[PDB]
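Visitor: Sending over a structure as structure tokens; questions will come in a sec.
There are 2 protein chains.
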Amino acid sequence: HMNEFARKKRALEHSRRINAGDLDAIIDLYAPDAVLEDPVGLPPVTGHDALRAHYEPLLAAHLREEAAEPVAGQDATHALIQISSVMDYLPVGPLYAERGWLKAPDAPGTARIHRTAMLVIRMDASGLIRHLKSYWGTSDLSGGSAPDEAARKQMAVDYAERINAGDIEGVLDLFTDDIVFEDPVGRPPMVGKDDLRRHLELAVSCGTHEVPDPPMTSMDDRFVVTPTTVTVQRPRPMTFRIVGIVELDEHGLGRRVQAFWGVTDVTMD
Amino acid sequence: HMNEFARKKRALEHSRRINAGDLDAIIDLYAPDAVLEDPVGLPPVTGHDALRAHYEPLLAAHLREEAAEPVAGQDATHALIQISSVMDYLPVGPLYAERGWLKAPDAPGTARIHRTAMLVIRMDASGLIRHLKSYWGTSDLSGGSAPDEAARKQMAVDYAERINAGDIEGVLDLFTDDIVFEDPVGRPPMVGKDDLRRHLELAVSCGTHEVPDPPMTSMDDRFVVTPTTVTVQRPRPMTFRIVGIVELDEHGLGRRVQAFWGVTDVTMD
Ligand SMILES: CCCCCC(=O)OC[C@H](C)[C@@H](O)[C@]1(C)CC[C@H]([C@]2(C)CCC(C)(C)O2)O1
Ligand code: NA
Ligand code: NA
């Protein structure tokens, strides 16, 4: 029942209720048995009970969220939004430093934590959050920690460089042979580089140009997340606002890809 | 750019002044040394002298035009509009009847002549008609006038039937190996049956479905004029309004195609 625009707005409502401070209002946005991965790569968080345990100390640290303009998915459930986070070091910082994500500051009472994360929200038809994956890693966080997940981060930027030059074969060198490439998420995926070569052949055909915002990884680097802005010149110039999620294999190749972009994310220029 | 809007307004104005009847008001639209081909395939018409003479017998027969929504070209000069007209038989009637374009009616004082034609108007920076082409043939005229013109008119529909079916090879057979495909008119033209396949492969993938209006020809059956309404499903639904001008060789294949459609002729839905 919920279309792209309404899920897009509910995502912004989530970030606004995080900034208000009302804890009960945030928990009301989730399903009673909802699952939360914050960060992705760590064990999830299930239930309203566990959600108060996760969001209460964040509100104590005065979490402030500048949210990007969200994008939706063509599957009636998914909306994705980027979250620029700032917060006081206490009380969440000490836990981050214990896990090895920050280095403890000299003044833990005046320090601040900056964080860039990409949320992948799944909602049912009623607006309730059934699942929220929040992707961010050490290179997406202050403290001083990038352990050559940078090399895995760069894979998201190498794709844009190769496809901008027409090097179709170099683009295919970034993924495994069993590549599953959902684009857009909601339509049936392409499987095998034979299918993907057809896709990339048609990209350079109508002259696409890709520009990625700084990517983010999961806390275990199995996923690289890319917000790109694809511009095509044919049929007549257009602009795409997309967020993609690659799953990396053992050796850092592209296993599965989920290009999230909705109908309301294309624009006439 | 939206100087196309201006060129479209003048094309309607030319049809509006033919409706008016003031022979001088109509000619104030043509440049001093303009050229008119009405019908195309017949010797040209240069200067206001032969312009006052070409429109005097037609304005006498009480010529009235019914104009369709015009279509501009992406080259700053052109504007195309479909024109349906009706007029009295006398006095221009016996001229068409002598040429073989009509049969003489049994009551020339009451009879009327209907016409469907495509106006191709080339203007300058000021807006004066420097060169106007009017495409219409014998099957585009009343009376009773042939099995080949029908066949040459059909390829405008066979092109549409095969592209909606995904028959890329069947579309390519409709043209010569010399084929120059100006799609759109203005941006660089596709040359060769391999530059065309790339465009057609991009077409079937975008989901193009074309439905043409009843075509017209030139009086010599060398040009076929196809007004189409082309719709694509991907990346996202939009509708084009093109008017194509096809150049046919001796054996009946298309050697040069001019797909006139401006940036002001695309609409999302
Ligand atoms: C780092 C991994 C993410 C990878 C980054 C990524 O997925 O961006 C590429 C975008 C999504 C691209 O699919 C798209 C914009 C969607 C379709 C369109 C086009 C070429 C034009 C028409 C058609 C259907 C033939 O396809 O182009
Ligand atoms: Na860090
Ligand atoms: Na006829």
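Protein chains in written order, with this note's numbering: chain A, 1 to 269; chain B, 1001 to 1269.
Cβ atoms here follow ideal geometry from the backbone N, Cα and C, with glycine treated the same way.
Among the residues of its own chain, which have a CB less than 7 Å from the CB of A/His54, if the five just before and after it don't count?
Guide: As a position in the first sequence, residue 54 of chain A is number 54, starting the count at 1. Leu36, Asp38, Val45, listed in sequence order.
Visitor: Is B/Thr1176 helix, strand or coil by DSSP?
Guide: Residue 1176 of chain B sits at position 176 when you count from the first residue of the second sequence. Strand.
Visitor: Is A/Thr217 near ligand 2, in the sense that its beta carbon is under 7 Å from a heavy atom of that ligand?
Guide: Within the first sequence, numbered from 1, the residue matching residue 217 of chain A stands at position 217. Not so, every heavy atom of ligand 2 lies at least 7 Å from the Cβ.
Visitor: Would you report the Cα separation of A/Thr217 and B/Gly1207, rounded to the nearest angstrom?
Guide: Sequence index remark: in the first sequence, residue 217 of chain A carries index 217 (1-based). Sequence index remark: in the second sequence, residue 1207 of chain B carries index 207 (1-based). When rounded, the distance between both Cα atoms is 35 Å.
Visitor: Against residue 325 of chain A, what residues of chain B qualify as contacts under a CB-to-CB distance less than 7 Å, listed in chain order?
Guide: Past the edges of chain A, shown from 1 to 269, lies residue 325 of chain A, and the structure says nothing about it.
Visitor: For B/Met1087, go through chain A and note every residue whose CB falls closer than 7 Å to its CB, in chain order.
Guide: Here residue 1087 of chain B refers to the residue found at position 87 when the second sequence is read from its first residue. Residues of chain A passing the Cβ test: none, with the nearest at roughly 39 Å.
Visitor: By the criterion of Cβ-Cβ separation under 8 Å, what are the contact partners of A/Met190 in chain B?
Guide: To locate residue 190 of chain A, count along the first sequence from 1; it is residue 190. Ordered by position in chain B, no residue passes the 8 Å Cβ test against A/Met190, which lies about 12 Å from the chain.
Visitor: Where B/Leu1058 and A/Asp265 are concerned, what is the direct C-alpha to C-alpha distance, given to the nearest angstrom?
Guide: Taking the first residue of the second sequence as position 1, residue 1058 of chain B is located at position 58. Taking the first residue of the first sequence as position 1, residue 265 of chain A is located at position 265. If you take the alpha carbons of B/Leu1058 and A/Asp265, they lie about 53 Å apart.
Visitor: Could you tell me the boundaries of the alpha helix (DSSP H) in which B/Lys1193 lies?
Guide: Taking the second sequence and counting its residues from 1, one reaches residue 1193 of chain B at position 193. Looking at the DSSP string, the run of the alpha helix (DSSP H) that includes B/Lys1193 is 1193-1206.
Visitor: State the DSSP-derived secondary structure class of B/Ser1145, mapped to helix, strand or coil.
Guide: For the purposes of this step, residue 1145 of chain B is taken as residue 145 along the second sequence, with counting starting at 1. Coil, per DSSP.
Visitor: Considering only heavy atoms of ligand 3, does any lie closer than 7 Å to the CB of B/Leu1095?
Guide: Here residue 1095 of chain B refers to the residue found at position 95 of the second sequence. Because no heavy atom of ligand 3 lies under 7 Å away, the Cβ of B/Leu1095 does not count as near it: no.
Visitor: Tell me the DSSP secondary structure of A/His48 in three-state form.
Guide: As a working note, residue 48 of chain A is residue 48 in the first sequence. A/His48 falls in the helix class under three-state DSSP.
Visitor: What do you reckon, are the CB atoms on B/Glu1201 and B/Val1230 nearer than 8 Å?
Guide: Position 201 of the second sequence, counted from the first residue, corresponds to residue 1201 of chain B. Position 230 of the second sequence, counted from the first residue, corresponds to residue 1230 of chain B. Cβ distance not < 8 Å, so B/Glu1201 and B/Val1230 don't count as in contact.
Visitor: Looking at the C-beta of B/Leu1042, does it have a partner C-beta in chain A at a distance below 8 Å?
Guide: Counting from 1 along the second sequence, the entry for residue 1042 of chain B is found at position 42. No, B/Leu1042 does not count as interfacial toward chain A.
Visitor: According to DSSP, is residue 1271 of chain B part of a helix, a strand, or is it coil?
Guide: Nothing can be reported for residue 1271 of chain B: it is not among the residues displayed for chain B, which extend from 1001 to 1269.
Visitor: So that I know if they touch, is there some Cβ in chain A lying closer than 8 Å to that of B/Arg1241?
Guide: Residue numbering aside, residue 1241 of chain B sits at position 241 when the second sequence is read from its first letter. No, B/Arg1241 lies away from the interface with chain A (no Cβ there is under 8 Å from its Cβ).
Visitor: Does the beta-carbon of B/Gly1144, which I'm using as the reference point, lie nearer than 7 Å to any heavy atom of ligand 4?
Guide: The model on display carries ligand 1, ligand 2 and ligand 3 but not ligand 4.
Visitor: Can you find a heavy atom of ligand 1 that lies under 7 Å from the Cβ of residue 273 of chain A?
Guide: Coverage of chain A is limited to positions 1 through 269, which leaves residue 273 of chain A absent and any answer about it impossible.
Visitor: For A/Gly21, I'd like the list of residues in its chain whose CB is within less than 7 Å of its CB, leaving aside the five on either flank, ordered along the chain.
Guide: Locating residue 21 of chain A in the first sequence gives position 21, where the first residue counts as 1. Hits under 7 Å: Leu59.
Visitor: Quick one: using the 10 Å Cβ neighbour count with 16 as the cut-off for buried, is B/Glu1004 buried or exposed?
Guide: In the second sequence, counting from the first residue as 1, residue 1004 of chain B sits at position 4. Under this definition B/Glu1004 is a buried residue.
Visitor: Let's test the definition: count the other Cβ atoms within 10 Å of the Cβ of A/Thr138 and tell me whether it reaches 16, buried, or not, exposed.
Guide: Reading the first sequence from its first residue, position 138 is the one you call residue 138 of chain A. Counting Cβ neighbours within 10 Å, A/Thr138 comes out buried, since at least 16 surround it.
Visitor: Provide the residue(s) that pair with A/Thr229 in DSSP beta bridges, ordered along the chain.
Guide: Translated into positions along the first sequence, residue 229 of chain A becomes position 229. Paired residues: A/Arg241.
Visitor: So is A/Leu202 in contact with chain B if we call contact Cβ pairs under 8 Å?
Guide: On the first sequence, residue 202 of chain A is found 202 positions in, with the first residue counted as 1. True, the Cβ-Cβ gap to chain B drops below 8 Å.
Visitor: What would DSSP say about A/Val40, mapped onto helix, strand or coil?
Guide: By 1-based counting over the first sequence, the position of residue 40 of chain A is 40. Reduced to three states, the DSSP call for A/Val40 is strand.
Visitor: Given this structure, state the Cα-to-Cα distance separating B/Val1040 from B/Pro1237, to the nearest angstrom.
Guide: The residue given as residue 1040 of chain B occupies position 40 in the second sequence. The residue given as residue 1237 of chain B occupies position 237 in the second sequence. Cα-Cα distance, rounded: 36 Å.
Visitor: Keeping to the same chain, check which residues put their C-beta closer than 6 Å to that of B/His1048; ignore five residues upstream and five downstream.
Guide: Taking the first residue of the second sequence as position 1, residue 1048 of chain B is located at position 48. Within the same chain, B/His1048 has close Cβ partners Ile1027.
Visitor: Pick helix, strand or coil for A/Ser15, following the three-state DSSP scheme.
Guide: As a working note, residue 15 of chain A is residue 15 in the first sequence. Helix.
Visitor: Could you give the uninterrupted runs of the alpha helix (DSSP H) lying entirely in the stretch 1090-1123 of chain B, keeping only those of 4 residues or more?
Guide: Listed in chain order, they are 1093-1099.
Visitor: Anything in the stretch 1134-1166 of chain B with a Cβ closer than 8 Å to a Cβ of chain A? List those residues in chain order, please.
Guide: Those residues of the stretch 1134-1166 of chain B that come within reach of chain A (Cβ to Cβ, closer than 8 Å) do not exist; the list is empty.
Visitor: For ligand 1, is there a heavy atom less than 7 Å away from the beta-carbon of B/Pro1235?
Guide: Translated into the one-based positions of the second sequence, residue 1235 of chain B becomes position 235. Indeed, a heavy atom of ligand 1 lies less than 7 Å from the Cβ.
Visitor: So is A/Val211 in contact with chain B if we call contact Cβ pairs under 8 Å?
Guide: Here the question's residue 211 of chain A lines up with position 211 in the first sequence. Chain B, which has no Cβ nearer than 8 Å to the Cβ of A/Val211, makes this no.
Visitor: Can you list, in chain order, the residues of its chain whose CB lies under 8 Å from that of A/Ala61, leaving out five sequence neighbours each side?
Guide: As a first step, residue 61 of chain A is located in the first sequence; it is residue number 61 there, counting from the start. Hits under 8 Å: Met87, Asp88, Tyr89, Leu90, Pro91, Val92, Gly93, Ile113.
Visitor: Considering Cα atoms alone, identify which of B/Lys1153, B/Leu1128, B/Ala1031 is closest to B/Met1219.
Guide: Taking the first residue of the second sequence as position 1, residue 1219 of chain B is located at position 219. Ranking the options by Cα distance to B/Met1219, first place goes to B/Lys1153.
Visitor: Are the C-beta atoms of A/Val71 and some chain B residue less than 8 Å apart?
Guide: Here the question's residue 71 of chain A lines up with position 71 in the first sequence. No, A/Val71 does not count as interfacial toward chain B.
Visitor: Is the number of C-beta pairs between the stretch 119-129 of chain A and the stretch 70-81 of chain A that are closer than 8 Å three or more?
Guide: A contact exists between the stretch 119-129 of chain A and the stretch 70-81 of chain A.
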